[PDB]
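Accompanying notes for the structure given below.
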Ligand SMILES: Nc1ncnc2c1ncn2[C@@H]1O[C@H](COP(=O)(O)OP(=O)(O)O)[C@@H](O)[C@H]1O
């Protein structure tokens, strides 16, 4: 019951975050980034993501 | 080669034991680590 | 845990050399961030999107936050 | 031989009766039981906690590049 | 210690090895022979020593027991004469050849419990024990002894009967072949006494050449490969290309008039009979065992020959333990000493409950 409510809240938060990303503009990548952000810095993570994108290109 | 391996082992954490372990590896690795831990417990 | 998450993120983005570089980089307020995002939206303009963003930010609070917003702003 | 090497390892860890008991324990442990990325992950943890030591470990791994041995070492650590 | 010592008995086609579990080596080794006059029965070395006044019998000539009356006498000899213990007082681990008929397994079991009254017993495949001795549970074992050779693929401790191959070419054949070529050289080794001398020459001076033809060329144009051997009467003889020509028969049985595949090809064929998913594990874990695999140079020759038969992308590794001559016995000593193995013994209680056929379930 309580666990189910927590799962619903997490799903709702993820949907809201995705909408914000689309406006400022995938879901799996955002989930990984959100977990890393919660642990701990933010500027360094952005630089690493930009470098990885350049390497892929 | 062997000396370089010993330096790496020291950072992660004797020399005679490492040489014996290296020979056994040359002659699985996870199982050997478990055996070494069991031997240390037995010695304690 | 954090190292495993970083490795997973690198794999999703894409190898070992790239992961090592990411590890080296890793080893190396909210109101202000929201204002900066609104200013960036104004520069892009546009105005309607900014109003929607303010509503979205309130919804997130209703259902840490500063760090997530900063990463999104950097991507632009 | 492999059997001789196992006996030598038991002696280093460790009178004759005690050595036999240790060998039996090692054999039982073996029966119960029956790379580069991992090293990098360990280095990242060291860097977070130091940074100079982590750089030296990365350099040593590059020089070495055996794999099995490395893995074993990591496990031990 | 609460438990009495367990016995480990390796039944060999030519030599039996017996001892106590936990020990590093067998306490006794003797010929698998029983003799009676041409003391009523002679067993082991004594039968051999007094063969002149006896008619010898080889009850396990090719690895499989063919005469249980004499096999029982060999076991009696093992307990009372060689080990000096009472079988009713010690559990006994026995070894058996690969592809041993099911009925034979039941017979061995019945004899241990009913004739020797063993408190407990177990039977394990020879090749499997050798693999255990090398610290592995998966791999292919090439076991070459006195009267028989086998290539035995083993996966997770279980031998794969469908892929096991038997080669009726072993130490005995090599000894006789050496007698033949030394005689062709100009000497004369033909009698039973002379067979024992040549067997010694074989075990001491023979070797497997990395390349047969090159070795033959070297021996034909120089004396660099010649070795001297002194007979008991003082005569010193010379052994040349015979040193490597003898064991070459293992790789080319035609030298003996046999159409059979050599040991390298037989090993390869066994691997090919196994599921494709485990073949790489076998190639990377080919273990040699038995007295006939003791020839210097055999490991490197096998490596070369298998590499030629297998895919170029295959990783080939031949393991030749220095103690492989007794790896079967040693593997038994290790197994019988394992904590987890104690629950595996067939107890007299279990035997009384289920009978001889329990061996199929208990010793799978
Ligand atoms: N060093 C050696 N080189 C070659 N052959 C050997 C050597 N030592 C023993 N042998 C041979 O090995 C055979 C016995 O090996 P073994 O594995 O005990 O056979 P089994 O179990 O069938 O009796 C004999 O033919 C003996 O001559």
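Cβ sites come from the backbone with ideal geometry, for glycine too, and all protein chains shown count toward neighbours. Every number in this text was worked out from the coordinates using simple rules, so none of it is lab data.
Return the only residue of E:125, E:181 being in contact with a helix residue (DSSP H, G or I) (Cβ under 7 Å, 6 or more places away or on another chain) and either within 14 Å of another protein chain (Cβ to nearest Cβ) or away from the ligand (no atom under 11 Å from the Cβ) (or both). Full working, then the answer.
Details: E:125 fails: in contact with a helix residue (DSSP H, G or I) (Cβ under 7 Å, 6 or more places away or on another chain).
It is E:181.
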query: Of the residues in segment C:22-39, how many are surrounded by 13 or more Cβ atoms within 10 Å (Cβ to Cβ) and either under 19 Å from residue C:64 (Cα atoms) or in contact with a helix residue (DSSP H, G or I) (Cβ under 7 Å, 6 or more places away or on another chain) (or both)?
result: 11
message: All but one of (1) away from the ligand (no atom under 15 Å from the Cβ); (2) under 25 Å from residue E:102 (Cβ atoms); (3) more than 14 Å from every other protein chain (Cβ to nearest Cβ) hold for residue E:6; state the number of the condition that does not hold.
response: (3)
task: Report whether or not residue E:305 is more than 13 Å from chain D (Cβ to nearest Cβ) and under 25 Å from residue E:117 (Cβ atoms).
output: no
statement: Scanning segment E:342-358 residue by residue, those within 14 Å of chain D (Cβ to nearest Cβ) and in contact with a strand residue (DSSP E or B) (Cβ under 8 Å, 6 or more places away or on another chain) turn out to be E:344
query: Cβ-Cβ below 8 Å, separation at least six or inter-chain, first residue in segment D:24-43 and more than 9 Å from chain B (Cβ to nearest Cβ), second surrounded by fewer than 16 Cβ atoms within 10 Å (Cβ to Cβ) and part of a loop (DSSP other than H, G, I, E, B): which pairs?
result: D:36/D:65
query: Of E:152, E:208, E:198, which residue is within 15 Å of the ligand (Cβ to nearest atom), part of a strand (DSSP E or B) and buried (at least 22 other Cβ atoms within 10 Å of the Cβ)?
result: E:152
message: Which of the numbered conditions does residue E:318 fail, given that it passes all the others? Conditions: (1) more than 14 Å from every other protein chain (Cβ to nearest Cβ); (2) away from the ligand (no atom under 14 Å from the Cβ).
response: (1)
message: Given the criteria within 15 Å of the chain's Cα centre (by Cα), away from chain C (no Cβ under 14 Å) and crowded, with 16+ Cβ neighbours inside 10 Å, does residue D:70 qualify?
response: no
- request: Sort out which residues of segment E:184-194 are over 17 Å from residue E:238 (Cα atoms) and either within 14 Å of chain D (Cβ to nearest Cβ) or within 16 Å of the ligand (Cβ to nearest atom) (or both), and write them in order of number.
  value: E:192, E:193
task: Counting only residues that are over 20 Å from the mean Cα position of the chain (by Cα), give me the helices (runs of 4 or more DSSP H) lying completely in segment E:264-364 with at least 3 of them.
output: E:279-283, E:298-309, E:348-354, E:358-362
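Restricting attention to segment C:13-61, report how many residues are part of a helix (DSSP H, G or I) and either within 14 Å of chain D (Cβ to nearest Cβ) or under 22 Å from residue A:31 (Cβ atoms) (or both). If you could, list the steps in order and put the result at the bottom.
As a first pass, look at segment C:13-61 and keep what is part of a helix (DSSP H, G or I): C:13, C:16-27, C:30-44, C:47-61.
Then drop every residue that is not either within 14 Å of chain D (Cβ to nearest Cβ) or under 22 Å from residue A:31 (Cβ atoms) (or both), which leaves C:13, C:16-27, C:30, C:33, C:37, C:53, C:56-57, C:59-61.
Counting residues in segment C:13-61 that are part of a helix (DSSP H, G or I) and either within 14 Å of chain D (Cβ to nearest Cβ) or under 22 Å from residue A:31 (Cβ atoms) (or both) gives 22.
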- request: Please verify whether segment E:138-149 includes one or more residues that are surrounded by fewer than 24 Cβ atoms within 10 Å (Cβ to Cβ), within 16 Å of the ligand (Cβ to nearest atom) and assigned to a helix (DSSP H, G or I).
  value: no
- prompt: In segment E:156-178, which residue that is assigned to a helix (DSSP H, G or I) and within 14 Å of the ligand (Cβ to nearest atom) is nearest to the chain's Cα centre (by Cα)?
  reply: E:171
- request: List the number of the failed condition for residue E:133; all other conditions in (1) surrounded by 24 or more Cβ atoms within 10 Å (Cβ to Cβ); (2) away from chain D (no Cβ under 14 Å); (3) within 15 Å of the ligand (Cβ to nearest atom) hold.
  value: (2)
